Amino acid sequence: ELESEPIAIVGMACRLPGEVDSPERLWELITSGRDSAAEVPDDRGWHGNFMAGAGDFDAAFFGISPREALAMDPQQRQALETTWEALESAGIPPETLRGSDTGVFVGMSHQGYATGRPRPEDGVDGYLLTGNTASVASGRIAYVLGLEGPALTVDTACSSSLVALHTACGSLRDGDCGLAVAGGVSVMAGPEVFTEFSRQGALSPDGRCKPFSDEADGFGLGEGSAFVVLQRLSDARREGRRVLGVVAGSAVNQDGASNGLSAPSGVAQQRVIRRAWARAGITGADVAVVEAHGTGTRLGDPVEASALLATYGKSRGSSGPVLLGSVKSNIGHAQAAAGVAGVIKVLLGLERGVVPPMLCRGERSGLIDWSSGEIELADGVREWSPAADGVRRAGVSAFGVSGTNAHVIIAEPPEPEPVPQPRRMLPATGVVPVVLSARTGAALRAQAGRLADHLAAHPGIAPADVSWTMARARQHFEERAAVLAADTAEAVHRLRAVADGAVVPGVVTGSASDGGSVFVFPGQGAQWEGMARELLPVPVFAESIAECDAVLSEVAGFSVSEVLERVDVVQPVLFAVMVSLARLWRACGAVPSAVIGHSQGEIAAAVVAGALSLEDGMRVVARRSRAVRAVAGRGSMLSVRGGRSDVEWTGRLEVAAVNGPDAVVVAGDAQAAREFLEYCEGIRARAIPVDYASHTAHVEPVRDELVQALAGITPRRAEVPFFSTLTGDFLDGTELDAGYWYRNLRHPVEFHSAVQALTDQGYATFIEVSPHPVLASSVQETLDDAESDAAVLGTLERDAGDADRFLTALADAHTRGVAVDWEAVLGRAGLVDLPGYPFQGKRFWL
Amino acid sequence: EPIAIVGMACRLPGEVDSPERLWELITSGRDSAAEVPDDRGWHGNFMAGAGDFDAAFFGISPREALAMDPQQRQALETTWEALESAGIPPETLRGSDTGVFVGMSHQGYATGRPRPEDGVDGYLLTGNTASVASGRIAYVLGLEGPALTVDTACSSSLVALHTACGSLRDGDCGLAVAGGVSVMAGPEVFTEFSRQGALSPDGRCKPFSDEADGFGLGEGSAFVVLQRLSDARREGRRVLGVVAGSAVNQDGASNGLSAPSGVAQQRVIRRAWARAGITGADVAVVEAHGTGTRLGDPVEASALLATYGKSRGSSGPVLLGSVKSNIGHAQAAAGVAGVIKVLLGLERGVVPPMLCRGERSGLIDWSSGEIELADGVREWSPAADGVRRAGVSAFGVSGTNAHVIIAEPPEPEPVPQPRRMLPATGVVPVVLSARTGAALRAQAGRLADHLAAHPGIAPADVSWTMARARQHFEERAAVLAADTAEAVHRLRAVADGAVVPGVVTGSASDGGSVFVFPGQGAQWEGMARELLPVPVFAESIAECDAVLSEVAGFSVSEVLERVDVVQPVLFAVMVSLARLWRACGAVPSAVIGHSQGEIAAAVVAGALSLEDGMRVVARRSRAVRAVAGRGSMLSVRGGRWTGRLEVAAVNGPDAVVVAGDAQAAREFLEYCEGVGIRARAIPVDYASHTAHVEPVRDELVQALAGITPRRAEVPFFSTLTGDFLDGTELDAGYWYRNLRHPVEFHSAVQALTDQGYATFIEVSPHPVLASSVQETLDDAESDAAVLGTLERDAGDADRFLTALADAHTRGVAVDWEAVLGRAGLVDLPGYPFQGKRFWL
């Protein structure tokens, strides 16, 4: 039950010359047949291939000071940003990795950064050693990401990154980690490496590698950053990762005693090729493509070609000629990153099912025996013949100038076992949310512009995939935005709206907060005929509604009563929609730090908090609302825009609620009200459709009777902190007896007071759990008084009791920082390749 | 499989140049703290010879040696030493799947614009890029397994050791070199840690002491040779200990890249026990990262308490220590250093001690009494298993951690030992070699110093180790000895350049060896009877006896002569001595013969079967007997009655044999006694190589007419024709013209000399022609050497062992495994490196 388990490549990232800043841009360069040879930049201080942004670093993203960033070797910084991008390609939000066996293996050597004396002004003392010692290149990644498997920096020159891959594959097979980042980085800071190869006469004047060409006259120095994410195939499939290829086998060895430390030996190259085949249990006939070391040196190219001839050339059998190429023909010699660059080239190929081409410049080298016809240069895009197995495979080679050699077999990934897919809460409406996050607003804007450009340049991409990917395969940062969209084109328009600062429907913006969420249960006038009907397909919701039907009939003979009103029906139905909407938020991941209610709302809130069972909570609102129909006739209520005290004629009307700084309820005698009302026809007052006045003495008649009816209820300790609008503070759920429920009907509702307290205590998000926003505007006004940044949210709305509205609410709750379990909401779609985090890099170059 | 440590080597501060010196420094409670050297540029711990390097040894230019990072030079010389500790002649590893794993980081060498006068242009980069530190060992030594350099700061060499083991388990290589080297060339590292305030002003690491106040910086080489236990046992290597389990993890998010985390340390310790299939109770010793940091040491102690301190259950407190207390923080070699320290202990069966200073840190919960500081030497309790174990930690400042369980080597499955070729006589040869004469004397003195300081080590172990477990270089010397005192005495002679009995000196050479077969008077009564115990010899005498019985009656008449018996018996002794040389490794490039000796030479070369050769010498001899009585031959010192004596053989520039009629010889002798010309008769009544034998011709040529001359598998150089003969030319005629034409031996030795042969071996019971050959070589101004085999009144195993040693000193290939068999590998000084200082 143990063997060389296949290792899977689940992500990849690279920064390479020729303006390549992602695997996909590398594909463009290779199919274009453009190269990157250009003159050395002046901004370094002393022809070749150079990275666009070698010295740019989003230092603030990773919490690194600008002084330390200036001291960090540009290789340390590329490795750190490219590691991040690789995990994003694997679809792993890097936070989930903190405390993980994840290992880091970085191939690298020294390139002459920070060799002068430190200009004291720059103030890099205390940072320069750590910014430039090899082990830190790998240790820093594990520090910044909280990774806890092995972290090593390895130097074998040109093969460094393939040796790092080889080591990570053993680490994974051995149990030393369960996920690994492996790759290499180089940035030619100083001119020492270029100078030594010039002196040797090893560099083409072009700056271009002409691999296997008659025009080969030396290699072109390059640089870059190339990283893959490795995982044992079993763990990959079990976690449903998107496998890009697999390392079927790999090998490492040494030239030994060649003719000069740098001299190449074809025999060594053959043996390393053959150990790889052995580890992978294949023969050369099973490999259609070879991505060679391929540096364009007159004497080395034939050495490499003779060993391919002696290995891949023989017994090709059924398999036609082997295709041969080298990515150095487009980007130059990327030194410590050369190997994995090659590996990312063949992986791009596997995606598209074709053999990646090479910039063939001129005629084949006359020094190579092509007479067998068994090796062909990959001149343009070609068919990738599977092997007799039906498996496509490639071979990648890196032969370092210190004599250590590597060869790796990359194979297409096996077919995944199909698994039963999880269900998506909320019926499908074609509308999908697409969420964005960055560490600043400029970065947030840039993310949105890039997603829009990608989706415009890549249409046909399934919006469900962009939705799932940006919610499940990306980390959520401080500054957020979300865009509802029914089809790709509507996404681009609204993503551009985020990008350019436009307010537009279907687009929301917000900052994520530490503080808790408070569920506001209003009651009052949240009802509308036909409410929340479109949510009865949702089992979480429908089930709550059904159990509510059971216990209502037993206590009031009533039920759904919305297949197609009056106070002792409306209140038992608004109770039911509110505890149901609450359970729906719960099952979508919004967990309440506290519950608060307005009058009857407090009964749904006590249920939602666990202080009263669903049964007792129904009985309390059924026999509280039957008891109010018994003091009908005389009595009514009115809303009065304008704050209390100013509204505070006596003995017939009194203040019965306070809802915000600019909103009060007054109640008392029916006629007496019309009096106040038509008085104000000359304040924006308005009367509530009521035949009685609660929170007044008109209710003392039903006291004792109510208290009795609800004497069998059993208040329990709450699971969620219940804030009493009566007491004005937190209250053990045992204290919610009939007395409390009478005193709730009689005493005045100090709701503005409670919202002020909860704002004082630092709660961040108020979610009105109701079929129509009733208190939301009043709460929003209270927060403006306290000059607060707390956010207020509705759930459903009249003409909006649909899933599309709850989806909108989920989108806004998440944008404010409420934890939406997007897995439970958008089930589990596939991972699509979308732009990475939009690093806001500044230049640092000592 | 378990990976075995089969060799080990280290250069460390405190004058430590070998694992034994480490044991010295550690058991005598001294430390190496001292001021920074002046000669480096710019308090700590420093290697004595950090900039010394034997560039000529590795064939490296002095300019390239100047450009090379001392870290690269030390790694090269220490890798050699570790290979010698393994008993592996490094040349036998050329073309081998041997892996090189080098832990290392940058340390400030070559940081300034180089003085053009230095001439480093073109070597600086190669001599300072990290990959070349391991790539160059693979290059110099021809190794072909993986070669990596790795940097995980203070854990580098244990991570290196961890990677090698996985490489060995994976079949990626079959032997690995692993370790770490650091040399504080410039002061950067020192300045940084000073600024941070982590460096004790003492320069001294005080691990787990209340007096801890920072660590002291240090440097070092520490390397071990690794091999799968199966393969080590097969090759019969000496296992110092086994890497039962190793683990590597990272601190992740500690309170700073440098901050230590105990959970991280606990987890890596427990992964290593899982790989090794043990629990903390089974480990008696922990060698720690130590350092002596006020805040670091308690994190390490807390993690050790939570693993090695829990659930010991009547196994006693684990012992605790850190070699940094004696040598400081070797940085990249800190780990293997600690490994070598616990290996030193495993040898002697005691827990190696630590220089504990002051009182135990009050920052540490000693209250369970389950962890005890390794005060002085202690008993190493084995575990219930019965296996002695130790744990070694190295925790990197980049946050990478390693813990390694070192265990005692398992008991070797015993195996029947190969037989020695020669009968044992308590006399052993100990052979010496190095690249220059100076180095040879140096190796001699260090072996004498070593033997003086460890008496009662067996001479047969010294013999076997020096002959089979070291490479043999250009300048050689051999010493014969029957006890250690005598070896010491003669080894001093070699060291002092003095001439003494028992001691031979010489230079190995490219040319081949010629087996020289005389006839003459090599015989003596009872010759070689002492070699009959040796099967290869006995079997050949016995097979001669048979063929001679069917051509005469005599046989093994070497117990309790005349011509038709002596020439047959000399023949059987020479061809048997030839077979003994060959079973001992000596390949003849060519054979040459003097008269009847050519028959021996033709049989040794395969041109005649043993029978046809016996037959030729038996008849040829009887032929002489027939035409005897009158006639005589005499030796005459001088270069080369007229028709009554002629020259019958020219043996050298000053030696001639004159033969003729018996009376005319008596006349030539009296004249010589008068005129003073040195001459003496040869006890014979015949005159061979004159017309005196013509009579018995046309008779032997008929008796030897059924001989079957075959083609020779060894070039036969005809003294007769003075050039190379196909063995099918060796017909009866030849064997007659051999008896009648005069022996032009001197001319043949000149000829072979001019073809570049290097070594002449007289395959005879007594060296008849050897002094003449030397005379011939002296005049050609030739550096070639002349060797004998047996000797009149010696002729036993001792004289043959002596001959083997002299042939080895001159370049002849002696098997040594065939002559000595297996014996014990013992630790003896390494190659005597002759380093000049290099430093930019």
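In terms of determination method and resolution, the entry is listed under X-ray crystallography at 2.70 Å.

Caption draft 1: Here's a closer look at the interface of chain B and chain A. Across the contact, 52 residues belong to chain B and 46 residues belong to chain A. When the two sides are added together, the surface that chain B and chain A hide from each other amounts to roughly 3,800 Å², 53% of it contributed by carbon and sulfur. The three residues of chain B that bury the most area against chain A are B:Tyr139, B:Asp151 and B:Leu257, which together make up 15% of that side's buried surface. In this structure, the connection of chain B to chain A is made through five salt bridges. Salt-bridge contacts for B:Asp170 lead to A:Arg279; the nearest nitrogen and oxygen are separated by 3.9 Å. Put simply, chain B and chain A have 19 residue pairs in polar contact between them. Counting residues per element, the ones that place at least two in the side of chain B that touches chain A are α4 (130-141), β4 (147-151), α5 (156-169), α6 (188-196), β7 (241-250) and α8 (262-276) of chain B.

Caption draft 2: Molecular detail of the environment of A:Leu807. Residue and element names in this part refer to chain A. Mapping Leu807 onto the fold places it in helix α25 (residues 803-816). With a relative accessible area of 6%, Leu807 lands in the buried category. Apart from the residues lying within four places of it in its own chain, the contact partners of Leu807 are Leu426, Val431, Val432, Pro433, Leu484 and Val825.

Caption draft 3: The arrangement of the pattern of salt bridges in detail. Residue and element names in this part refer to chain A. Inspection of every chain in the model, using the stated rule, returns 71 salt bridges over all chains. The partner of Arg238 in a salt bridge is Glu239, with the nearest N and O atoms 3.8 Å apart. The exposure class assigned to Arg238 is exposed, which follows from its relative accessible area of 60%. Relative accessible area serves as the criterion here: at 40%, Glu239 is assigned to the partly exposed category. Here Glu750 makes a salt bridge to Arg644, at a shortest N to O gap of 3.0 Å. On the basis of relative accessibility, which here comes to 30%, the residue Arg644 falls in the partly exposed class.

Caption draft 4: A negative patch on the surface, seen in detail. Residues A:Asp662, A:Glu781, A:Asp784, A:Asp785 and A:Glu787 make up a contiguous surface patch of negative charge. Position of A:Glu781 among the secondary structure elements: in helix α24 (residues 776-785).

Caption draft 5: Quick peek at helix α3 (residues 70-85) of chain B. Residues and elements named next belong to chain B. Taking 1.5 Å per residue as the helical rise, α3 with its 16 residues ought to reach 22 Å, and the 22 Å between its terminal C-alpha atoms agrees with that figure. Here α3 lies mainly inside the structure; 16 of its 16 residues are buried. Residue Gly87 follows α3 closely and has a positive phi angle near 75°.

Caption draft 6: Spotlight on the packing of aromatic side chains. All names here are of chain A. Enumeration over the complete set of coordinates arrives at 37 aromatic pairs over all chains. Between the aromatic rings of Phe61 and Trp84, the centroid separation amounts to 5.1 Å while the plane-to-plane angle is 85°, which identifies the pairing as edge-to-face. Of this pair, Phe61 sits in the loop between β2 (56-57) and α2 (66-71) while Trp84 sits in helix α3 (residues 74-89), and the two are 23 residues apart along the sequence. Summarising the burial analysis for this pair, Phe61 and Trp84 share the class buried. Ring geometry for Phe62 versus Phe839: centroids 5.9 Å apart, planes at 20°, classification stacked. Owing to a relative accessible area of 11%, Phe62 belongs among the buried residues under this scheme. By relative accessible area, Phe839 is classed as buried at 15%. Every member of this aromatic cluster is reached through a ring pair, and the members are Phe57, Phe61, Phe62, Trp84, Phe477, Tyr837 and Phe839.

Caption draft 7: Structural context of empty space enclosed by the protein. In this structure, the largest cavity occupies an estimated 290 Å³ of space. Along its surface, the largest cavity is lined by 24 residues, and A:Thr167, A:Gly170, B:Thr163, B:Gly166 and B:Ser167 are the ones closest to its centre. Going through the elements one at a time, α6 (160-174) of chain A together with α5 of chain B are the ones with two or more residues in the lining of the largest cavity. Sorting elements by how many residues they give to the lining of the largest cavity places α6(A) first, with seven residues.

Caption draft 8: Focus on helix α19 (residues 662-675) of chain B. Residues and elements named next belong to chain B. In this model, α19 (14 residues) spans 20 Å end to end at C-alpha, consistent with the 20 Å of a helix rising 1.5 Å per residue. Taken together, the buried positions of α19 are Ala664, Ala665, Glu667, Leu669 and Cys672. Buried residues in α19 make contact with β20 (632-637), β21 (645-652) and β23 (679-681). Downstream of α19 by a residue or two, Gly676 has a phi angle that is positive, lying close to 80°.

Caption draft 9: Spatial organisation of the nonpolar core. With 110 residues, the main nonpolar core has A:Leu26, A:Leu230, A:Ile410, B:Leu226 and B:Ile406 as its most contacted residues. Apart from the residues within four sequence positions on either side, B:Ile406 is in contact with B:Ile5, B:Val242, B:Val243, B:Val339, B:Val342, B:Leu343, B:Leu346, B:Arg388, B:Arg389, B:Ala390 and B:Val392. Within the second largest apolar cluster, 82 residues are counted, among which are A:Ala482, A:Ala611, A:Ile713 and A:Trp741.

Caption draft 10: Focus on the sheet that holds strand β20 (residues 636-641) of chain A. Residue and element names in this part refer to chain A. Taking strand neighbours across the sheet as the criterion, the five strands line up as β23-β20-β22-β21-β26 in an open arrangement whose pairing is mixed. Since the sheet does not close on itself, it has two edges, and those belong to β23 (685-688) and β26 (749-750), each with one partner. Strand direction decides the pairing type here: β20 and strand β22 (residues 663-668), joined by six bridges, are antiparallel. Bridging across to β22, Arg641 finds its partner in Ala663. Running over the sheet, helix α20 (residues 670-680) touches β20, β21 (653-660), β22 and β23 and is turned about 20° from β20.

Caption draft 11: Just the sheet that holds strand β19 (residues 594-597) of chain A, in detail. Residue and element names in this part refer to chain A. Ordered in space as β19-β18-β27-β28, the four strands form an open sheet in which the pairing is parallel. Every interior strand has two partners, whereas the edge strands, β19 and β28 (791-793), have only one. When the angles between neighbouring strand axes are averaged without regard to direction, this sheet yields 20°. Pairing of strand β18 (residues 517-521) with strand β27 (residues 765-768), which is carried by four bridges, proceeds in the parallel orientation. Considered in β27, the bridge of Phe519 is made with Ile767. Against the sheet, helix α18 (residues 601-609) contacts β18 and β19, and its axis sits at roughly 160° relative to β19. Against the sheet, α24 contacts β27 and β28, and its axis sits at roughly 180° relative to β28.

Rules used in this analysis
- Residues numbered from 1 in each chain as written, not as in the entry; some residues may be left out.
- Chains lettered and ligands numbered in written order.
- Part of a larger assembly, values for the part shown.
- Heavy atoms only, no water.
- Residues with missing side-chain atoms left out of burial classes, pairs and counts.
- Contact = heavy atoms within 4.5 Å.
- Buried area = accessible area lost by both parts, 1.4 Å probe.
- Salt bridge = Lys/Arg side-chain N within 4 Å of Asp/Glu carboxyl O.
- Polar contact = N/O pair within 3.5 Å; in protein donor to acceptor, adjacent residues only side chain to side chain.
- Helix = DSSP H or I, 4+ residues; strand = E, 2+ residues; numbered from the N terminus.
- Buried < 20%, exposed > 50% of the residue type's maximum accessible area, 1.4 Å probe, protein only.
- Patch = residues over 30% accessible without salt bridge, like charges linked within 9 Å, V, L, I, M, F, W, Y side chains within 5 Å.
- Areas by Shrake-Rupley, 256 points an atom, 1.4 Å probe, with all protein chains shown as cover.
- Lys, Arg positive; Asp, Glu negative; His and termini not counted.
- Charge placed at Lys NZ, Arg CZ, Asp CG, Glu CD.
- Expected span 1.5 Å × (residues − 1).
- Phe/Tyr/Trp six-rings, centres within 6.5 Å; stacked < 30°, edge-to-face > 60°.
- 1 Å grid on protein atoms, 1.4 Å probe; cavity = no way out; pocket = protein on both sides within 12 Å on 5 of 7 lines; lining within 4 Å.
- Points joined across faces, edges and corners; volume = space filled by probe spheres on them.
- Core = buried A, V, L, I, M, F, W, Y, C linked by side-chain atoms within 4.5 Å.
- Pairing = 2+ DSSP bridges.
- Axes fitted to C-alpha atoms, helices over the stretch in contact; angles between N-to-C directions.

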